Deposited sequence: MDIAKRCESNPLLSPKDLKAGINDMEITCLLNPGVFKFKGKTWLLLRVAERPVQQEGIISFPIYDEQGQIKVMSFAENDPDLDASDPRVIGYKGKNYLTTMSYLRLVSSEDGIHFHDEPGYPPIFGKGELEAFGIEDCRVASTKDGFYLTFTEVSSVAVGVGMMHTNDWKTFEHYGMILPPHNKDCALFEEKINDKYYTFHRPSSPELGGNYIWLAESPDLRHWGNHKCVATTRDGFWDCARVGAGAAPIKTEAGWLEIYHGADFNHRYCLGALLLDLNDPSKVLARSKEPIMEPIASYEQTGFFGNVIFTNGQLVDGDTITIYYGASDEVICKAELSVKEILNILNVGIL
């Protein structure tokens, strides 16, 4: 099944490798990095999750107050108004809170393996009401007009999608919430088709639907419409519970090649391939029957049974994905375009 060539140095980055970005917090997780080239280097835009030192019998976590300043909230673990069954999202008196706060952090490399913070390139932290609980899982589209970031915006009122733009990775323009709750896994295409922009996204339905891959179009990147359902989950398959796009699709001669993630009802996450028509990206030409990558390395099963990619580089036939493993550490692997197309029974020349 698995056709990924893992980097021998995996994991490349773990929580212990970096100093905490938020005063008095500690890094619990590094994951789901955006990937791009800039100034001769390979860059990761890390999702970094932080929280305070946990005292016994007490769950403690950061929030931004109304003034955009960091504070700490805490609950007794045995509080009868607390549901802490999920370790990511807790409930207290009918309201939801995250156990950590995520922000986006830049690291660079000259070899694609050893990464470090770069002086003059500080992190991107959540701003405003709709990002009070943090920002997550940022895709980076490298385009002729610069870099477009599409990420989860989290608050007490929404899990939604934001977009920002940069040329220099120091100043940013923010386009607001482009897609309302409940939505994430937003993969902007790096070029126009038929004079429009396109993105994959992933709305969640409480009923009459599920967690499927969708398409939307835009004339301007700020405003989105003409929504289309591209690919659902598949009953009795590895991807029966939820699907979502990763990074931007790769332009091949046979179509748009999309490395998506799918999960089963055991919360095991694997990677598959979708091939969409060049001119009509809502049209599926091919889909992996089995995964092309599964969480089978030791570091892909800790703490659990998760690989997740939302960033890659492509050089000829070689795709270099960067990925989160166990929602905790950062890893690299290579895949072959032609091998994927061959396995998919797609003709190539």
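J.: Checking coverage: what stretches of the deposited chain sequence are missing C-alpha positions?
T.: Since the structure holds only modelled residues, the one stretch it omits is 304 to 305.
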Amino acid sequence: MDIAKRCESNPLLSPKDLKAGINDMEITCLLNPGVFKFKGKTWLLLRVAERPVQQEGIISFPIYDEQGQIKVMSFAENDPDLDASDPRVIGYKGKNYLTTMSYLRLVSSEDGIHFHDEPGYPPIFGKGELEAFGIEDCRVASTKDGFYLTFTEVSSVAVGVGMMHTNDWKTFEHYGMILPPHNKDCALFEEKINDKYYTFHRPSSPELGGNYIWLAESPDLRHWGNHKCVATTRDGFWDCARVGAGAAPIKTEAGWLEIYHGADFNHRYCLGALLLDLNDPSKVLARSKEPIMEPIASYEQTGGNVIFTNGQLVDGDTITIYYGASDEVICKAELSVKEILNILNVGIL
From here on, numbers count along this sequence of modelled residues.
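J.: Comparing 142 to 150 with 113 to 121, which stretch shows the greater average C-alpha B-factor in the deposited entry?
T.: Going by the record's values, the stretch with the higher mean is 113 to 121.
J.: So which stretch wins on mean C-alpha B-factor, 87 to 95 or 186 to 194?
T.: Mean C-alpha B-factor is greater for 87 to 95.
J.: Checking the entry, which one of 76, 274, 278, 240 has the top C-alpha B factor?
T.: So the option with the highest C-alpha B-factor is 76.
J.: From the list 57, 34, 291, 324, select the residue with the highest C-alpha B factor recorded in the entry.
T.: Max CA B-factor in the entry, restricted to 57, 34, 291, 324: 57.
J.: Among the modelled residues of its chain, does the C-alpha B-factor of residue 27 lie in the lowest, middle or highest third?
T.: Highest third - that is where residue 27 ends up once the chain's C-alpha B-factors are sorted.
J.: Can you tell me which third, lowest, middle or highest, the CA B-factor of residue 172 falls into for its chain?
T.: CA B-factor rank for residue 172: middle third.
J.: Compare the C-alpha B factor of residue 223 with those of the other modelled residues in its chain, then answer lowest, middle or highest third.
T.: Bottom third by C-alpha B-factor.
J.: Within this chain, which third does the Cα B-factor at residue 136 fall in: lowest, middle or highest?
T.: Lowest third - that is where residue 136 ends up once the chain's C-alpha B-factors are sorted.
J.: Taking the C-alpha B-factors as the PDB entry records them, is residue 319 in the lowest, middle or highest third of its chain?
T.: Middle third of the chain for residue 319's C-alpha B-factor.
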